[PDB]
file upload.cif (mmCIF, C-alpha atoms)
data_structure
#
loop_
_atom_site.label_atom_id
_atom_site.label_comp_id
_atom_site.auth_asym_id
_atom_site.auth_seq_id
_atom_site.Cartn_x
_atom_site.Cartn_y
_atom_site.Cartn_z
CA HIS P 299 23.44 62.80 -61.55
CA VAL P 300 20.69 60.63 -59.92
CA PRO P 301 19.69 62.20 -56.52
CA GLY P 302 17.38 60.62 -53.84
CA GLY P 303 20.15 59.02 -51.73
CA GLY P 304 22.00 55.74 -51.86
CA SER P 305 20.85 53.06 -49.35
CA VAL P 306 20.98 52.73 -45.50
CA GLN P 307 20.52 49.48 -43.49
CA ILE P 308 18.36 48.99 -40.34
CA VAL P 309 19.80 47.75 -37.00
CA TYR P 310 17.69 44.61 -36.25
CA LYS P 311 18.84 41.22 -34.87
CA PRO P 312 17.16 37.84 -34.12
CA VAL P 313 16.65 36.58 -30.49
CA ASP P 314 17.26 33.29 -28.53
CA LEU P 315 17.51 32.01 -24.88
CA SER P 316 20.86 30.26 -25.76
CA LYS P 317 19.95 26.73 -24.37
CA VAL P 318 21.12 28.12 -20.98
CA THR P 319 22.26 25.80 -18.16
CA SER P 320 21.94 26.04 -14.34
CA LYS P 321 21.97 23.71 -11.27
CA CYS P 322 19.02 21.64 -10.01
CA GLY P 323 19.19 19.39 -6.91
CA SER P 324 15.47 18.33 -7.21
CA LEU P 325 15.94 16.93 -10.82
CA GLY P 326 18.40 14.25 -9.53
CA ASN P 327 15.60 12.23 -7.75
CA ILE P 328 12.39 10.23 -8.59
CA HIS P 329 12.15 7.67 -5.68
CA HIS P 330 11.92 7.69 -1.84
CA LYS P 331 14.10 5.64 0.61
CA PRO P 332 12.81 2.32 2.15
CA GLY P 333 11.68 2.27 5.85
CA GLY P 334 13.69 1.45 9.03
CA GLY P 335 13.68 -1.95 10.84
CA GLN P 336 10.25 -2.40 12.61
CA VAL P 337 11.15 -5.88 14.11
CA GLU P 338 12.21 -7.03 17.59
CA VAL P 339 15.43 -9.12 17.99
CA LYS P 340 15.75 -9.06 21.86
CA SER P 341 12.69 -11.18 22.73
CA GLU P 342 13.13 -14.63 24.36
CA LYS P 343 10.60 -17.49 25.00
CA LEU P 344 11.93 -18.30 28.54
CA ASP P 345 12.23 -22.15 28.23
CA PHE P 346 13.59 -23.88 31.39
CA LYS P 347 16.21 -26.17 29.73
CA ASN C 335 -8.64 -1.20 34.18
CA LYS C 336 -10.73 1.35 32.27
CA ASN C 337 -7.94 1.77 29.66
CA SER C 338 -6.95 -1.87 29.06
CA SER C 339 -6.84 -1.02 25.27
CA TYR C 340 -4.23 1.72 25.94
CA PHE C 341 -1.80 -0.01 28.35
CA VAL C 342 0.86 -2.32 26.95
CA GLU C 343 -0.08 -5.92 27.68
CA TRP C 344 3.38 -7.33 28.38
CA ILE C 345 4.01 -4.47 30.92
CA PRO C 346 2.06 -5.13 34.17
CA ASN C 347 1.33 -2.37 36.69
CA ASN C 348 2.42 0.50 34.49
CA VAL C 349 2.24 3.45 36.99
CA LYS C 350 4.95 4.94 39.26
CA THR C 351 3.24 6.83 42.08
CA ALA C 352 4.58 9.52 44.44
CA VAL C 353 2.61 11.33 47.13
CA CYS C 354 4.23 14.50 48.45
CA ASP C 355 2.91 16.29 51.57
CA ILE C 356 3.19 19.76 49.98
CA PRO C 357 0.87 20.82 47.17
CA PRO C 358 1.69 23.92 45.03
CA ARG C 359 0.74 27.35 46.38
CA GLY C 360 -3.05 27.69 46.33
CA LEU C 361 -4.00 24.11 45.43
CA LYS C 362 -5.35 21.74 48.02
CA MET C 363 -4.24 18.85 45.90
CA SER C 364 -2.57 18.48 42.47
CA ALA C 365 -0.82 15.93 40.27
CA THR C 366 1.83 15.90 37.52
CA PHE C 367 1.19 13.47 34.76
CA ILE C 368 3.93 11.70 32.83
CA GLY C 369 3.21 9.17 30.04
CA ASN C 370 5.48 7.23 27.69
CA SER C 371 3.25 5.98 24.90
CA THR C 372 3.56 4.47 21.42
CA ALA C 373 1.20 7.41 20.54
CA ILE C 374 4.22 9.82 20.29
CA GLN C 375 5.05 8.07 16.97
CA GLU C 376 2.90 10.87 15.48
CA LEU C 377 5.45 13.57 16.51
CA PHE C 378 8.23 11.51 14.81
CA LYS C 379 6.14 10.76 11.65
CA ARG C 380 5.28 14.50 11.47
CA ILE C 381 8.86 15.68 11.77
CA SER C 382 10.10 13.09 9.25
CA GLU C 383 7.42 13.60 6.56
CA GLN C 384 7.93 17.44 6.85
CA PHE C 385 11.71 16.79 6.86
CA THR C 386 11.53 14.67 3.66
CA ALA C 387 9.49 17.47 2.00
CA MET C 388 12.38 19.91 2.45
CA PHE C 389 15.17 17.25 2.26
CA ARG C 390 14.41 15.05 -0.83
CA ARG C 391 14.41 18.26 -2.96
CA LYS C 392 17.29 19.86 -0.85
CA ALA C 393 15.49 23.05 0.28
CA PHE C 394 17.48 25.45 2.57
CA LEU C 395 20.37 22.94 2.75
CA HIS C 396 22.95 25.48 1.57
CA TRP C 397 22.52 27.28 4.96
CA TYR C 398 23.66 24.15 6.81
CA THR C 399 26.33 22.89 4.33
CA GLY C 400 27.53 26.49 4.06
CA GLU C 401 28.29 26.27 7.80
CA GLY C 402 30.04 22.89 7.09
CA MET C 403 27.62 19.91 7.30
CA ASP C 404 27.44 17.40 4.51
CA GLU C 405 24.64 15.21 3.14
CA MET C 406 26.15 12.33 5.03
CA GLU C 407 25.41 14.10 8.34
CA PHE C 408 21.79 14.42 7.32
CA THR C 409 21.90 10.72 6.29
CA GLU C 410 23.17 9.61 9.72
CA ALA C 411 20.47 11.68 11.46
CA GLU C 412 17.80 10.27 9.05
CA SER C 413 19.06 6.67 9.63
CA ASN C 414 18.62 7.17 13.39
CA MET C 415 15.17 8.76 12.80
CA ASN C 416 13.84 5.92 10.56
CA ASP C 417 15.11 3.44 13.22
CA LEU C 418 13.53 5.36 16.19
CA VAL C 419 10.06 5.65 14.55
CA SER C 420 10.40 1.95 13.66
CA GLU C 421 11.27 1.19 17.32
CA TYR C 422 7.86 2.70 18.16
CA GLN C 423 6.01 0.58 15.52
CA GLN C 424 7.95 -2.53 16.68
CA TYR C 425 6.13 -2.23 20.06
CA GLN C 426 2.77 -1.16 18.53
CA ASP C 427 0.43 -4.17 18.59
CA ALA C 428 3.16 -6.32 20.15
CA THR C 429 1.68 -8.95 22.45
CA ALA C 430 2.11 -11.14 25.54
CA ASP C 431 0.99 -14.15 23.39
CA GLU C 432 3.69 -16.57 22.13
CA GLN C 433 4.94 -16.88 18.50
CA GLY C 434 5.83 -20.26 16.95
CA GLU C 435 9.04 -21.57 15.40
CA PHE C 436 9.83 -23.13 12.03
CA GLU C 437 11.83 -25.77 10.04
CA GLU C 438 13.57 -25.68 6.60
CA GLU C 439 12.06 -26.83 3.30
CA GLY C 440 13.60 -27.38 -0.20
CA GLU C 441 13.75 -31.12 -1.15
CA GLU C 442 11.93 -33.36 -3.65
CA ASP C 443 12.51 -36.51 -5.68
CA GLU C 444 10.64 -38.64 -8.24
CA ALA C 445 8.83 -40.97 -5.84
#
call {"tool": "encode", "arguments": {"input": "upload.cif", "output": "C-alpha coordinates"}}
result
Amino acid sequence: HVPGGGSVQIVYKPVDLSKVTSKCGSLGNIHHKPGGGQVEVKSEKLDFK
Amino acid sequence: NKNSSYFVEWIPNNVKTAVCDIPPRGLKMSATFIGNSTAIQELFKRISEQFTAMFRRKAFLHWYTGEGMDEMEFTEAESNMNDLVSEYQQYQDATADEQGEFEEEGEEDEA
(Lines of atoms letter the chains of each structure in order from A and count residues from 1; the text may use other names and numbers.)
(Lines give C-alpha, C1' and ligand atoms only; values in the text may rest on other atoms or scores of the structure.)
Protein backbone atom coordinates (compact mmCIF):
# COMPACT_ATOMS: atom_id res chain seq x y z
CA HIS A 1 0.00 0.00 0.00
CA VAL A 2 1.04 3.68 -0.49
CA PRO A 3 -0.09 5.75 2.58
CA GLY A 4 0.02 9.61 2.95
CA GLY A 5 -3.58 10.27 1.80
CA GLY A 6 -5.22 10.78 -1.54
CA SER A 7 -6.02 14.42 -2.49
CA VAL A 8 -8.46 17.09 -1.14
CA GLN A 9 -9.55 20.30 -2.97
CA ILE A 10 -9.76 23.85 -1.49
CA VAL A 11 -13.01 25.91 -1.46
CA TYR A 12 -12.03 29.12 -3.34
CA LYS A 13 -14.03 31.08 -5.96
CA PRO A 14 -13.41 34.19 -8.16
CA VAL A 15 -15.27 37.52 -7.55
CA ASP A 16 -17.19 40.12 -9.69
CA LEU A 17 -19.68 43.07 -9.28
CA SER A 18 -21.95 41.48 -11.99
CA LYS A 19 -22.34 44.65 -14.23
CA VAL A 20 -25.20 45.60 -11.84
CA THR A 21 -27.97 48.00 -12.90
CA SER A 22 -30.00 50.62 -10.96
CA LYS A 23 -32.04 53.81 -11.65
CA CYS A 24 -30.61 57.31 -12.16
CA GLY A 25 -32.78 60.40 -12.81
CA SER A 26 -29.72 62.78 -12.95
CA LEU A 27 -28.04 60.80 -15.85
CA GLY A 28 -30.98 61.63 -18.21
CA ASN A 29 -29.97 65.37 -18.50
CA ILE A 30 -27.07 67.56 -19.81
CA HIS A 31 -28.82 70.92 -20.71
CA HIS A 32 -30.94 73.60 -18.97
CA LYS A 33 -34.31 75.05 -20.21
CA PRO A 34 -34.47 78.43 -22.10
CA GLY A 35 -35.79 81.57 -20.26
CA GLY A 36 -39.36 82.99 -20.08
CA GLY A 37 -40.71 85.89 -22.24
CA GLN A 38 -39.08 89.20 -21.02
CA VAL A 39 -40.96 91.42 -23.60
CA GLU A 40 -43.98 93.73 -23.35
CA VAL A 41 -46.94 93.25 -25.77
CA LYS A 42 -49.52 95.63 -24.11
CA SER A 43 -47.77 98.96 -24.82
CA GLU A 44 -49.36 101.51 -27.21
CA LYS A 45 -47.95 104.75 -28.80
CA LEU A 46 -51.21 106.79 -28.28
CA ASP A 47 -51.55 108.31 -31.83
CA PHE A 48 -54.66 110.53 -32.28
CA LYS A 49 -55.93 109.10 -35.63
CA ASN B 1 -36.92 113.55 -5.98
CA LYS B 2 -33.91 112.16 -4.08
CA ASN B 3 -34.52 108.66 -5.54
CA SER B 4 -35.24 109.49 -9.19
CA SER B 5 -32.98 106.47 -10.14
CA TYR B 6 -35.25 104.13 -8.10
CA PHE B 7 -38.76 105.25 -9.16
CA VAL B 8 -40.22 103.98 -12.41
CA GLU B 9 -40.18 106.76 -14.99
CA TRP B 10 -43.47 106.01 -16.75
CA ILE B 11 -45.27 105.96 -13.32
CA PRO B 12 -45.72 109.54 -12.01
CA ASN B 13 -46.45 110.28 -8.33
CA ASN B 14 -45.77 106.77 -7.07
CA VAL B 15 -46.90 107.10 -3.39
CA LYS B 16 -50.31 106.39 -1.77
CA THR B 17 -50.50 108.29 1.51
CA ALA B 18 -52.78 107.81 4.54
CA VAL B 19 -52.69 109.81 7.76
CA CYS B 20 -54.53 108.24 10.69
CA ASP B 21 -55.22 110.17 13.91
CA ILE B 22 -54.21 107.25 16.16
CA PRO B 23 -50.59 106.12 16.43
CA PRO B 24 -49.72 102.71 17.99
CA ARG B 25 -49.52 102.44 21.78
CA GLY B 26 -46.44 104.34 22.98
CA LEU B 27 -45.42 106.03 19.72
CA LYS B 28 -46.09 109.68 19.11
CA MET B 29 -45.92 109.08 15.42
CA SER B 30 -45.22 106.03 13.19
CA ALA B 31 -45.48 104.84 9.61
CA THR B 32 -45.94 101.55 7.73
CA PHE B 33 -43.96 101.25 4.59
CA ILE B 34 -45.12 99.31 1.54
CA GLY B 35 -43.06 99.08 -1.69
CA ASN B 36 -43.60 97.21 -4.95
CA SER B 37 -40.24 97.19 -6.70
CA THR B 38 -38.52 95.42 -9.60
CA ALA B 39 -35.88 94.69 -6.86
CA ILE B 40 -37.95 91.66 -5.62
CA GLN B 41 -36.76 89.84 -8.78
CA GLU B 42 -33.94 88.65 -6.47
CA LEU B 43 -36.38 86.60 -4.31
CA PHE B 44 -37.72 84.94 -7.51
CA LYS B 45 -34.22 84.34 -9.02
CA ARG B 46 -33.14 82.85 -5.65
CA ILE B 47 -36.08 80.49 -5.38
CA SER B 48 -35.75 79.39 -9.02
CA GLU B 49 -31.96 78.81 -9.09
CA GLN B 50 -32.24 76.84 -5.76
CA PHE B 51 -35.31 75.07 -7.25
CA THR B 52 -33.40 74.07 -10.43
CA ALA B 53 -30.57 72.70 -8.23
CA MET B 54 -32.95 70.20 -6.63
CA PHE B 55 -35.26 69.85 -9.70
CA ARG B 56 -32.97 69.28 -12.76
CA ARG B 57 -31.44 66.26 -10.90
CA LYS B 58 -34.88 65.29 -9.30
CA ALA B 59 -33.88 65.48 -5.61
CA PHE B 60 -36.65 64.72 -3.03
CA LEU B 61 -39.25 64.48 -5.82
CA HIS B 62 -40.40 61.00 -4.77
CA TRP B 63 -41.96 62.63 -1.63
CA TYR B 64 -44.22 64.78 -3.81
CA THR B 65 -44.95 62.27 -6.64
CA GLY B 66 -45.47 59.64 -3.93
CA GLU B 67 -48.33 61.84 -2.69
CA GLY B 68 -49.56 62.06 -6.35
CA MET B 69 -47.99 65.01 -8.25
CA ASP B 70 -46.36 64.47 -11.59
CA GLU B 71 -43.48 66.19 -13.40
CA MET B 72 -46.04 68.04 -15.44
CA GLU B 73 -47.30 69.80 -12.29
CA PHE B 74 -43.79 70.96 -11.57
CA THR B 75 -43.54 72.04 -15.25
CA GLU B 76 -46.69 74.18 -15.03
CA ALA B 77 -45.43 75.82 -11.82
CA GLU B 78 -41.97 76.38 -13.43
CA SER B 79 -43.60 77.84 -16.61
CA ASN B 80 -45.47 80.36 -14.44
CA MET B 81 -42.25 81.09 -12.47
CA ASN B 82 -40.06 81.73 -15.58
CA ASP B 83 -42.86 84.03 -16.88
CA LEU B 84 -43.23 85.95 -13.54
CA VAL B 85 -39.47 86.63 -13.15
CA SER B 86 -39.50 87.68 -16.83
CA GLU B 87 -42.44 90.02 -16.11
CA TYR B 88 -40.11 91.73 -13.60
CA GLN B 89 -37.22 92.03 -16.13
CA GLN B 90 -39.70 93.27 -18.80
CA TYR B 91 -40.26 96.39 -16.62
CA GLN B 92 -36.59 96.70 -15.54
CA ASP B 93 -34.99 99.52 -17.55
CA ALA B 94 -38.27 100.12 -19.40
CA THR B 95 -38.67 103.78 -20.31
CA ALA B 96 -41.04 106.69 -20.98
CA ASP B 97 -39.09 107.35 -24.25
CA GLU B 98 -40.66 106.20 -27.56
CA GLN B 99 -39.50 103.23 -29.70
CA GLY B 100 -39.54 103.36 -33.53
CA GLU B 101 -41.26 101.19 -36.12
CA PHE B 102 -39.98 99.27 -39.13
CA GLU B 103 -40.58 98.12 -42.77
CA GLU B 104 -39.89 94.80 -44.62
CA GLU B 105 -36.80 93.99 -46.68
CA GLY B 106 -35.96 91.06 -49.05
CA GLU B 107 -35.79 92.19 -52.74
CA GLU B 108 -33.01 92.63 -55.34
CA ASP B 109 -32.49 92.49 -59.08
CA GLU B 110 -29.64 92.87 -61.58
CA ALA B 111 -29.82 96.63 -62.12
call {"tool": "interface_residues", "arguments": {"input": "upload.cif", "of": "chain C", "to": "chain P", "cutoff": "9 Å", "atoms": "only C-alpha atoms", "output": "JSON, numbers by chain"}}
result
{"C": [386, 390, 391, 392, 393, 413, 414, 415, 416, 417, 418, 419, 420, 421, 422, 423, 424, 425, 432, 433]}
call {"tool": "axis_aligned_box", "arguments": {"input": "upload.cif", "around": "range 399-403 of chain C", "padding_each_side": "4 Å", "output": "lines of an AutoDock Vina configuration file"}}
result
center_x = 28.2
center_y = 23.2
center_z = 5.9
size_x = 11.7
size_y = 14.6
size_z = 11.7
call {"tool": "resolve_selection", "arguments": {"input": "upload.cif", "expression": "the PyMOL selection byres ((chain C and resi 350-352) around 12)", "output": "VMD selection string"}}
result
chain C and resid 346 to 349 353 to 356 364 to 370
call {"tool": "atom_distance", "arguments": {"input": "upload.cif", "atom1": "CA of residue 319 in chain P", "atom2": "CA of residue 394 in chain C"}}
result
21.3 Å
call {"tool": "atom_distance", "arguments": {"input": "upload.cif", "atom1": "CA of residue 395 in chain C", "atom2": "CA of residue 376 in chain C"}}
result
24.8 Å
call {"tool": "atom_distance", "arguments": {"input": "upload.cif", "atom1": "CA of residue 427 in chain C", "atom2": "CA of residue 339 in chain C"}}
result
10.4 Å
call {"tool": "resolve_selection", "arguments": {"input": "upload.cif", "expression": "the PyMOL selection byres ((chain C and resi 429) around 7)", "output": "mmCIF file with C-alpha atoms, in the frame of the given file"}}
result
data_model
loop_
_atom_site.group_PDB
_atom_site.id
_atom_site.type_symbol
_atom_site.label_atom_id
_atom_site.label_comp_id
_atom_site.auth_asym_id
_atom_site.auth_seq_id
_atom_site.Cartn_x
_atom_site.Cartn_y
_atom_site.Cartn_z
ATOM 1 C CA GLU C 343 -0.080 -5.920 27.680
ATOM 2 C CA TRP C 344 3.380 -7.330 28.380
ATOM 3 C CA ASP C 427 0.430 -4.170 18.590
ATOM 4 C CA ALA C 428 3.160 -6.320 20.150
ATOM 5 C CA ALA C 430 2.110 -11.140 25.540
ATOM 6 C CA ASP C 431 0.990 -14.150 23.390
#
call {"tool": "decode", "arguments": {"input": "upload.cif", "residues": "range 390-428 of chain C", "atoms": "N, CA and C atoms", "output": "short mmCIF file (atom, residue, chain, number, x, y, z; two decimals), in the first residue's frame"}}
result
data_model
loop_
_atom_site.label_atom_id
_atom_site.label_comp_id
_atom_site.auth_asym_id
_atom_site.auth_seq_id
_atom_site.Cartn_x
_atom_site.Cartn_y
_atom_site.Cartn_z
N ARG C 390 -33.56 69.80 -11.51
CA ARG C 390 -32.97 69.28 -12.76
C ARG C 390 -32.35 67.89 -12.59
N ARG C 391 -31.92 67.57 -11.36
CA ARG C 391 -31.44 66.26 -10.90
C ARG C 391 -32.48 65.40 -10.15
N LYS C 392 -33.68 65.93 -9.88
CA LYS C 392 -34.88 65.29 -9.30
C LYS C 392 -34.76 64.83 -7.83
N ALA C 393 -33.96 65.56 -7.06
CA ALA C 393 -33.88 65.48 -5.61
C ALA C 393 -35.18 65.57 -4.83
N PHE C 394 -35.44 64.75 -3.81
CA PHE C 394 -36.65 64.72 -3.03
C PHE C 394 -38.01 64.67 -3.71
N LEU C 395 -38.05 64.49 -5.02
CA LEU C 395 -39.25 64.48 -5.82
C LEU C 395 -40.16 63.29 -5.49
N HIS C 396 -39.59 62.17 -5.03
CA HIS C 396 -40.40 61.00 -4.77
C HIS C 396 -41.34 61.32 -3.62
N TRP C 397 -41.12 62.34 -2.79
CA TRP C 397 -41.96 62.63 -1.63
C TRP C 397 -43.24 63.30 -2.10
N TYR C 398 -43.13 64.06 -3.19
CA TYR C 398 -44.22 64.78 -3.81
C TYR C 398 -44.98 63.88 -4.77
N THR C 399 -44.32 63.11 -5.64
CA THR C 399 -44.95 62.27 -6.64
C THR C 399 -45.60 61.08 -5.95
N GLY C 400 -44.96 60.65 -4.84
CA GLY C 400 -45.47 59.64 -3.93
C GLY C 400 -46.78 60.02 -3.26
N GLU C 401 -47.00 61.30 -2.94
CA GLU C 401 -48.33 61.84 -2.69
C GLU C 401 -49.25 61.93 -3.90
N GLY C 402 -48.77 62.06 -5.13
CA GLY C 402 -49.56 62.06 -6.35
C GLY C 402 -49.35 63.10 -7.45
N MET C 403 -48.53 64.13 -7.23
CA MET C 403 -47.99 65.01 -8.25
C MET C 403 -47.36 64.18 -9.36
N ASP C 404 -47.19 64.89 -10.47
CA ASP C 404 -46.36 64.47 -11.59
C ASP C 404 -45.35 65.52 -12.02
N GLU C 405 -44.40 65.19 -12.88
CA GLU C 405 -43.48 66.19 -13.40
C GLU C 405 -44.10 67.36 -14.14
N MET C 406 -45.22 67.03 -14.79
CA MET C 406 -46.04 68.04 -15.44
C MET C 406 -46.43 69.14 -14.46
N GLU C 407 -46.78 68.82 -13.21
CA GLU C 407 -47.30 69.80 -12.29
C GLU C 407 -46.20 70.77 -11.89
N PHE C 408 -45.00 70.18 -11.70
CA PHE C 408 -43.79 70.96 -11.57
C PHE C 408 -43.56 71.81 -12.80
N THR C 409 -43.82 71.31 -14.01
CA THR C 409 -43.54 72.04 -15.25
C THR C 409 -44.46 73.24 -15.38
N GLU C 410 -45.72 73.11 -14.96
CA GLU C 410 -46.69 74.18 -15.03
C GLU C 410 -46.35 75.26 -14.02
N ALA C 411 -45.87 74.87 -12.82
CA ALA C 411 -45.43 75.82 -11.82
C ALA C 411 -44.12 76.47 -12.26
N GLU C 412 -43.15 75.77 -12.84
CA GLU C 412 -41.97 76.38 -13.43
C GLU C 412 -42.28 77.32 -14.60
N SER C 413 -43.23 76.99 -15.47
CA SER C 413 -43.60 77.84 -16.61
C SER C 413 -44.17 79.17 -16.12
N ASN C 414 -45.06 79.15 -15.12
CA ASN C 414 -45.47 80.36 -14.44
C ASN C 414 -44.29 81.12 -13.86
N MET C 415 -43.37 80.44 -13.16
CA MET C 415 -42.25 81.09 -12.47
C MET C 415 -41.33 81.82 -13.46
N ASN C 416 -40.94 81.15 -14.55
CA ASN C 416 -40.06 81.73 -15.58
C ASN C 416 -40.74 82.92 -16.28
N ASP C 417 -42.06 82.90 -16.41
CA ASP C 417 -42.86 84.03 -16.88
C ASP C 417 -42.92 85.20 -15.86
N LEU C 418 -43.00 84.93 -14.55
CA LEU C 418 -43.23 85.95 -13.54
C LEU C 418 -41.98 86.76 -13.25
N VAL C 419 -40.83 86.07 -13.28
CA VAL C 419 -39.47 86.63 -13.15
C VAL C 419 -39.05 87.36 -14.43
N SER C 420 -39.59 86.93 -15.58
CA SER C 420 -39.50 87.68 -16.83
C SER C 420 -40.37 88.92 -16.81
N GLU C 421 -41.57 88.86 -16.25
CA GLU C 421 -42.44 90.02 -16.11
C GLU C 421 -41.85 91.11 -15.19
N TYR C 422 -41.03 90.76 -14.17
CA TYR C 422 -40.11 91.73 -13.60
C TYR C 422 -39.15 92.34 -14.61
N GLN C 423 -38.31 91.54 -15.28
CA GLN C 423 -37.22 92.03 -16.13
C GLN C 423 -37.72 92.78 -17.38
N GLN C 424 -38.95 92.51 -17.81
CA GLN C 424 -39.70 93.27 -18.80
C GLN C 424 -39.89 94.74 -18.41
N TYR C 425 -40.11 95.02 -17.12
CA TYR C 425 -40.26 96.39 -16.62
C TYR C 425 -38.94 97.00 -16.10
N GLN C 426 -37.92 96.19 -15.79
CA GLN C 426 -36.59 96.70 -15.54
C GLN C 426 -35.97 97.35 -16.77
N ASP C 427 -35.60 98.62 -16.60
CA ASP C 427 -34.99 99.52 -17.55
C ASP C 427 -35.93 99.83 -18.70
N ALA C 428 -37.21 99.45 -18.66
CA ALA C 428 -38.27 100.12 -19.40
C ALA C 428 -38.46 101.61 -19.14
#
